[PDB]
Amino acid sequence: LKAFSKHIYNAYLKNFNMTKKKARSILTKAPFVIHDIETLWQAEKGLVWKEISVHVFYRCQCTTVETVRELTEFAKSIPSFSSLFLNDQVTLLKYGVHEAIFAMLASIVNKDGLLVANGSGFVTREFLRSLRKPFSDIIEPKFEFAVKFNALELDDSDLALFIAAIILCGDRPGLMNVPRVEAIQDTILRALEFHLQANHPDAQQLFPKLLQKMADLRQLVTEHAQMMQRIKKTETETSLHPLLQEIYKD
Ligand SMILES: CCCCCC/C=C\CCCCCCCCCC(=O)O
Ligand SMILES: CCCCCCCO[C@@H]1O[C@H](CO)[C@@H](O)[C@H](O)[C@H]1O
Ligand SMILES: CCCCCCCO[C@@H]1O[C@H](CO)[C@@H](O)[C@H](O)[C@H]1O
């Protein structure tokens, strides 16, 4: 179990360019501020990396698509996931990847904003709120989630397991081999509660709380998808990345 857990943690360490450890050190116990149009413009030149609100939404798309790649390599870097037929692999990622993305966002978030461009920039939460109304509504619920999520004081090794459990979910639509996936998830989850017993000896009810969070993540993606549908219907000028279009179809 703990050996299985260290192997998941190492796949995490190998596949994600930004970790919570590194994120908190940048946010400082242990970057260029974009907060308006001028600072955005200065970032788009300075730190390298239509209308303003749409341009920020495009940058959000760049970021989610990139994190999909990393999550794919993370999942593949676990053997049980790789034993599954490639069609099951795709189904699991189709429906789990935005749950994982939003869980991981928390790592790079504090109450006031979030890191972008590999820690080089900080975009303030107030600026994001100031955007046109479709595009300002989508990111704010993630902050509300993140703050409550960050209170639990999880570390990267905790996250490696949590995110494995989100992707290996036997509940997804059109899964071919449900019992096999359920079997992997159970093992991840037993590895998680045992890991938390070691890693967080004092924290009471932590395991059940992370299960509720998984359920809450399901609901966050449900609302996120609803908002994405509205942008597709009402915002006829904004492009939508084809891979993300493949995810939202149903
Ligand atoms: C100008 C700097 C803006 C940086 C924005 C990127 C930062 C974090 C990514 C989280 C964005 C929230 C999700 C927005 C939806 C993107 C499309 C999708 O995959 O659903
Ligand atoms: C190991 C690869 C073997 C090839 C089998 C792939 C065919 O399955 C397809 O898988 C897709 C999800 O991945 C579904 O969306 C499609 O409905 C389904 O037709
Ligand atoms: C890199 C992993 C992320 C990929 C997730 C995108 C999934 O899109 C789905 O791809 C299936 C395979 O062809 C199609 O059958 C489905 O209709 C489509 O919805």
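For this entry, the PDB record names X-ray crystallography as the structure determination method and reports a resolution of 2.300 Å.

### Observations regarding the site of ligand 3
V68, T72, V90, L93, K94, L243, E246, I247 and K249 make up every residue found near ligand 3. Within the backbone of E246, one N or O atom sits 2.7 Å away from an oxygen atom of ligand 3. Note that an oxygen atom of ligand 3 is positioned 3.5 Å from one of the side-chain N or O atoms of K249. Looking at the shell around ligand 3, the elements with two or more residues in it are α4 (52-76), α6 (86-105) and α12 (242-248). Here the residues of the shell around ligand 3 sort into five nonpolar, one polar and three charged.

### Re the pattern of salt bridges
Inspection of every chain in the model, using the stated rule, returns 17 salt bridges. Two residues, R172 and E99, come together in a salt bridge whose shortest N-O distance is 2.6 Å. With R172 in the loop between α9 (156-167) and α10 (178-199) and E99 in helix α6, this pair connects stretches of sequence that are 73 residues apart. Taken individually, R172 and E99 each receive the classification buried, so the pair is uniform in this respect. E140 is the salt-bridge partner of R125, the closest N and O atoms lying 2.7 Å from each other.

### What about the side chain of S107?
Here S107 is to be found in the loop between α6 and β2 (109-110). Judged by its relative accessible area of 6%, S107 falls in the buried class. Sequence-distant contacts of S107, defined by excluding residues within four places in its chain, comprise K20, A23, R24, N150 and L159.

### Quick notes on the site of ligand 1
The local shell around ligand 1 holds 15 residues, among which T64, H98, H224, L244 and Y248 are the closest. With respect to ligand 1, the side chain of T64 contributes an N or O atom lying 2.7 Å from an oxygen atom. A distance of 2.7 Å is found between an oxygen atom of ligand 1 and a side-chain nitrogen or oxygen belonging to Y248. Here ligand 1 loses 97% of its free accessible area of 580 Å² to cover by the protein chains. Of all elements in the fold, only α4, β3 (113-116), α11 (206-234) and α12 reach the threshold of two or more residues within the shell around ligand 1. In terms of residues, the shell around ligand 1 owes the most to one element, α4, which gives five residues. Each residue belonging to the shell around ligand 1 can be placed in one class, and the counts come to 10 nonpolar, five polar and no charged.

### Quick notes on the environment of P173
Along the chain, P173 turns up in the loop between α9 and α10. For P173, a relative accessible area of 46% translates into the label partly exposed. Along the chain, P173 and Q61 lie 112 residues apart, while their C-alpha atoms are 24 Å from each other. Ignoring anything within four residues of it in the chain, the contact list for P173 reads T91 and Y95.

### A word on the packing of helix α1 (residues 2-15) against α9
Contact geometry of α1 with α9 gives a least axis separation of 9 Å together with a crossing angle of 95 degrees. Relative to α9, the element α1 is oriented roughly perpendicular. Contacts from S5, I8, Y9 and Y12 in α1 reach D156, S157, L159, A160, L161, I163 and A164 in α9. Of the residues that constitute the contact of α1 with α9, the class distribution is eight nonpolar, two polar and one charged.

Calculation rules
- Residues numbered from 1 in each chain as written, not as in the entry; some residues may be left out.
- Chains lettered and ligands numbered in written order.
- Heavy atoms only, no water.
- Residues with missing side-chain atoms left out of burial classes, pairs and counts.
- Near = heavy atom within 4 Å.
- Polar contact = N/O pair within 3.5 Å; in protein donor to acceptor, adjacent residues only side chain to side chain.
- Helix = DSSP H or I, 4+ residues; strand = E, 2+ residues; numbered from the N terminus.
- Nonpolar A, V, L, I, M, F, W, Y, C, P; charged D, E, K, R; others polar.
- Salt bridge = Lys/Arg side-chain N within 4 Å of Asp/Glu carboxyl O.
- Buried < 20%, exposed > 50% of the residue type's maximum accessible area, 1.4 Å probe, protein only.
- Contact = heavy atoms within 4.5 Å.
- Areas by Shrake-Rupley, 256 points an atom, 1.4 Å probe, with all protein chains shown as cover.
- Axes fitted to C-alpha atoms, helices over the stretch in contact; angles between N-to-C directions.
- Parallel < 35°, antiparallel > 145°, perpendicular 65-115°, else oblique.

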